[PDB]
Amino acid sequence: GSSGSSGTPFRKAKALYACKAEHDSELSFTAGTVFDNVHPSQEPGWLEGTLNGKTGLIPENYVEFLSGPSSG
């Protein structure tokens, strides 16, 4: 059933620093880049989100989950 109990449509994270992922699994983005549906990957200290209809591994030490209103 669509729309049930209160909740949020997944979470998002923002890349702190620009990373030039070299591995496929890994993802490449630029600081400030906001990821879609960010979650803890199977790997330790690795987040698994979807950057532009593309899922891969992301460095948790390179992201910053967004919760409060700020943007930028």
# chains A, B, ... in the order shown; residues from 1 in each chain; ligands from 1
$ residues_around --residues "residue 55 (chain A)" --least-positions-apart "3" --cutoff "8 Å" --atoms "only C-alpha atoms" --output "short mmCIF file (atom, residue, chain, number, x, y, z; two decimals) with N, CA, C and O atoms, in the first residue's frame"
data_model
loop_
_atom_site.label_atom_id
_atom_site.label_comp_id
_atom_site.auth_asym_id
_atom_site.auth_seq_id
_atom_site.Cartn_x
_atom_site.Cartn_y
_atom_site.Cartn_z
N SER A 25 32.38 -0.30 -8.81
CA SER A 25 31.54 -0.32 -7.62
C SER A 25 31.49 1.08 -7.00
O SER A 25 30.42 1.54 -6.60
N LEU A 27 31.75 5.21 -6.69
CA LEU A 27 31.08 6.27 -7.43
C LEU A 27 31.94 7.54 -7.39
O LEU A 27 32.67 7.77 -6.42
N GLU A 48 26.23 3.01 0.54
CA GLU A 48 25.74 2.55 -0.74
C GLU A 48 24.48 3.34 -1.14
O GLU A 48 23.38 3.02 -0.69
N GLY A 49 24.69 4.35 -1.97
CA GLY A 49 23.59 5.18 -2.43
C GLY A 49 23.43 5.08 -3.95
O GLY A 49 24.03 4.22 -4.59
N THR A 50 22.62 5.98 -4.48
CA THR A 50 22.37 6.01 -5.91
C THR A 50 22.65 7.41 -6.48
O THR A 50 21.87 8.33 -6.28
N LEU A 51 23.78 7.51 -7.17
CA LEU A 51 24.17 8.78 -7.76
C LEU A 51 23.82 8.77 -9.25
O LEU A 51 24.50 8.14 -10.06
#
$ residues_around --residues "region 3-15 of chain A" --least-positions-apart "6" --cutoff "10 Å" --atoms "only C-alpha atoms" --output "PyMOL selection string"
chain A and resi 28-39+47+49-50+58-67+71-72
$ write_last_selection --atoms "N, CA and C atoms" --output "short mmCIF file (atom, residue, chain, number, x, y, z; two decimals), in the first residue's frame"
data_model
loop_
_atom_site.label_atom_id
_atom_site.label_comp_id
_atom_site.auth_asym_id
_atom_site.auth_seq_id
_atom_site.Cartn_x
_atom_site.Cartn_y
_atom_site.Cartn_z
N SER A 28 31.84 8.32 -8.45
CA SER A 28 32.60 9.55 -8.55
C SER A 28 31.65 10.75 -8.50
N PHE A 29 32.05 11.75 -7.72
CA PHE A 29 31.25 12.95 -7.57
C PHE A 29 32.11 14.12 -7.09
N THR A 30 31.48 15.29 -7.02
CA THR A 30 32.17 16.48 -6.57
C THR A 30 31.59 16.97 -5.24
N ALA A 31 32.48 17.51 -4.42
CA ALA A 31 32.07 18.02 -3.12
C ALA A 31 30.75 18.78 -3.26
N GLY A 32 29.85 18.51 -2.33
CA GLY A 32 28.55 19.16 -2.34
C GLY A 32 27.51 18.29 -3.05
N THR A 33 28.00 17.27 -3.73
CA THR A 33 27.13 16.36 -4.46
C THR A 33 26.20 15.63 -3.50
N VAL A 34 24.91 15.74 -3.79
CA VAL A 34 23.90 15.10 -2.96
C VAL A 34 23.52 13.76 -3.58
N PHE A 35 23.58 12.72 -2.75
CA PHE A 35 23.24 11.38 -3.21
C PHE A 35 21.79 11.04 -2.87
N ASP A 36 21.26 10.08 -3.61
CA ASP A 36 19.89 9.65 -3.39
C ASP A 36 19.89 8.31 -2.65
N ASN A 37 18.90 8.15 -1.78
CA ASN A 37 18.78 6.93 -1.00
C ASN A 37 20.17 6.47 -0.55
N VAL A 38 20.65 7.11 0.50
CA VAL A 38 21.96 6.78 1.03
C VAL A 38 21.80 5.83 2.22
N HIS A 39 22.56 4.74 2.17
CA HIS A 39 22.51 3.75 3.23
C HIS A 39 23.90 3.14 3.43
N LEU A 47 29.24 3.74 2.28
CA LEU A 47 27.82 3.97 2.08
C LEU A 47 27.44 3.54 0.66
N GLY A 49 24.69 4.35 -1.97
CA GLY A 49 23.59 5.18 -2.43
C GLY A 49 23.43 5.08 -3.95
N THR A 50 22.62 5.98 -4.48
CA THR A 50 22.37 6.01 -5.91
C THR A 50 22.65 7.41 -6.48
N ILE A 58 30.29 4.30 -1.63
CA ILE A 58 30.67 5.67 -1.32
C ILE A 58 31.37 5.72 0.04
N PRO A 59 32.43 6.56 0.11
CA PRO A 59 33.19 6.70 1.35
C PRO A 59 32.41 7.53 2.37
N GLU A 60 32.14 6.90 3.51
CA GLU A 60 31.40 7.56 4.57
C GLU A 60 32.21 8.74 5.11
N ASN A 61 33.51 8.69 4.89
CA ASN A 61 34.40 9.74 5.34
C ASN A 61 34.51 10.82 4.26
N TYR A 62 33.54 10.80 3.35
CA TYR A 62 33.51 11.76 2.26
C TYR A 62 32.09 12.25 2.00
N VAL A 63 31.20 11.92 2.93
CA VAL A 63 29.81 12.32 2.81
C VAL A 63 29.36 12.99 4.11
N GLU A 64 28.20 13.62 4.04
CA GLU A 64 27.65 14.30 5.21
C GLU A 64 26.12 14.29 5.15
N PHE A 65 25.55 13.23 5.73
CA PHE A 65 24.11 13.09 5.75
C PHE A 65 23.42 14.43 6.05
N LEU A 66 22.38 14.71 5.29
CA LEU A 66 21.64 15.95 5.46
C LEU A 66 20.37 15.66 6.26
N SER A 67 20.15 16.48 7.28
CA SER A 67 18.98 16.33 8.13
C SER A 67 18.28 17.68 8.29
N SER A 71 21.27 23.50 2.94
CA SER A 71 21.55 23.52 1.51
C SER A 71 22.85 24.29 1.25
N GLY A 72 23.31 24.20 0.01
CA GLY A 72 24.53 24.89 -0.39
C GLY A 72 25.73 23.94 -0.35
#
$ select_by_dssp --residues "chain A" --states "strand (DSSP E or B)" --output "short mmCIF file (atom, residue, chain, number, x, y, z; two decimals) with C-alpha atoms, in the first residue's frame"
data_model
loop_
_atom_site.label_atom_id
_atom_site.label_comp_id
_atom_site.auth_asym_id
_atom_site.auth_seq_id
_atom_site.Cartn_x
_atom_site.Cartn_y
_atom_site.Cartn_z
CA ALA A 13 23.94 12.57 1.84
CA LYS A 14 26.27 15.28 0.59
CA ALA A 15 29.83 14.64 -0.52
CA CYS A 19 36.42 11.82 -5.01
CA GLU A 26 32.74 3.04 -6.36
CA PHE A 29 31.25 12.95 -7.57
CA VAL A 34 23.90 15.10 -2.96
CA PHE A 35 23.24 11.38 -3.21
CA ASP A 36 19.89 9.65 -3.39
CA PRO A 40 25.32 1.77 4.88
CA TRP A 46 31.20 2.53 3.02
CA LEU A 47 27.82 3.97 2.08
CA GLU A 48 25.74 2.55 -0.74
CA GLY A 49 23.59 5.18 -2.43
CA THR A 50 22.37 6.01 -5.91
CA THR A 55 24.34 2.66 -7.32
CA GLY A 56 27.83 2.05 -5.97
CA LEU A 57 30.12 2.31 -2.97
CA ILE A 58 30.67 5.67 -1.32
CA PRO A 59 33.19 6.70 1.35
CA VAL A 63 29.81 12.32 2.81
CA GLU A 64 27.65 14.30 5.21
CA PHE A 65 24.11 13.09 5.75
#
$ atom_distance --atom1 "CA of residue 43 (chain A)" --atom2 "CA of residue 20 (chain A)"
18.7 Å
$ decode --residues "chain A" --atoms "C-alpha atoms" --output "compact mmCIF listing (two decimals), in the first residue's frame"
# COMPACT_ATOMS: atom_id res chain seq x y z
CA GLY A 1 0.00 0.00 0.00
CA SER A 2 1.34 3.37 -1.09
CA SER A 3 1.42 6.01 1.63
CA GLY A 4 0.87 4.39 5.01
CA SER A 5 2.53 5.24 8.30
CA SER A 6 4.48 8.45 8.78
CA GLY A 7 8.02 8.38 7.45
CA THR A 8 10.54 9.91 5.07
CA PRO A 9 11.36 8.93 1.48
CA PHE A 10 14.80 7.50 2.13
CA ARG A 11 17.75 9.63 3.16
CA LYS A 12 20.30 11.70 1.27
CA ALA A 13 23.94 12.57 1.84
CA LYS A 14 26.27 15.28 0.59
CA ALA A 15 29.83 14.64 -0.52
CA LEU A 16 32.26 16.53 1.69
CA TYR A 17 35.18 16.23 -0.70
CA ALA A 18 35.48 15.44 -4.38
CA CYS A 19 36.42 11.82 -5.01
CA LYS A 20 37.67 10.40 -8.29
CA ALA A 21 36.41 6.85 -7.87
CA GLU A 22 38.50 4.50 -9.98
CA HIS A 23 36.53 1.34 -9.30
CA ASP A 24 33.20 0.54 -10.92
CA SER A 25 31.54 -0.32 -7.62
CA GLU A 26 32.74 3.04 -6.36
CA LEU A 27 31.08 6.27 -7.43
CA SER A 28 32.60 9.55 -8.55
CA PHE A 29 31.25 12.95 -7.57
CA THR A 30 32.17 16.48 -6.57
CA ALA A 31 32.07 18.02 -3.12
CA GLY A 32 28.55 19.16 -2.34
CA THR A 33 27.13 16.36 -4.46
CA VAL A 34 23.90 15.10 -2.96
CA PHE A 35 23.24 11.38 -3.21
CA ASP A 36 19.89 9.65 -3.39
CA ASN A 37 18.78 6.93 -1.00
CA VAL A 38 21.96 6.78 1.03
CA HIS A 39 22.51 3.75 3.23
CA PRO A 40 25.32 1.77 4.88
CA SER A 41 26.92 -0.47 2.28
CA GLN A 42 27.94 -4.04 3.03
CA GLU A 43 31.49 -2.79 3.45
CA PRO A 44 32.66 -1.13 6.67
CA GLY A 45 32.70 2.65 6.49
CA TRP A 46 31.20 2.53 3.02
CA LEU A 47 27.82 3.97 2.08
CA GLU A 48 25.74 2.55 -0.74
CA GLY A 49 23.59 5.18 -2.43
CA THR A 50 22.37 6.01 -5.91
CA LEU A 51 24.17 8.78 -7.76
CA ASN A 52 22.28 9.56 -10.95
CA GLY A 53 20.40 6.31 -11.41
CA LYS A 54 23.67 4.63 -10.47
CA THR A 55 24.34 2.66 -7.32
CA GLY A 56 27.83 2.05 -5.97
CA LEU A 57 30.12 2.31 -2.97
CA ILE A 58 30.67 5.67 -1.32
CA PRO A 59 33.19 6.70 1.35
CA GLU A 60 31.40 7.56 4.57
CA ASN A 61 34.40 9.74 5.34
CA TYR A 62 33.51 11.76 2.26
CA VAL A 63 29.81 12.32 2.81
CA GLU A 64 27.65 14.30 5.21
CA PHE A 65 24.11 13.09 5.75
CA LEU A 66 21.64 15.95 5.46
CA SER A 67 18.98 16.33 8.13
CA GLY A 68 18.51 20.00 8.95
CA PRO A 69 17.69 22.75 6.45
CA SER A 70 20.80 24.45 5.10
CA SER A 71 21.55 23.52 1.51
CA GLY A 72 24.53 24.89 -0.39
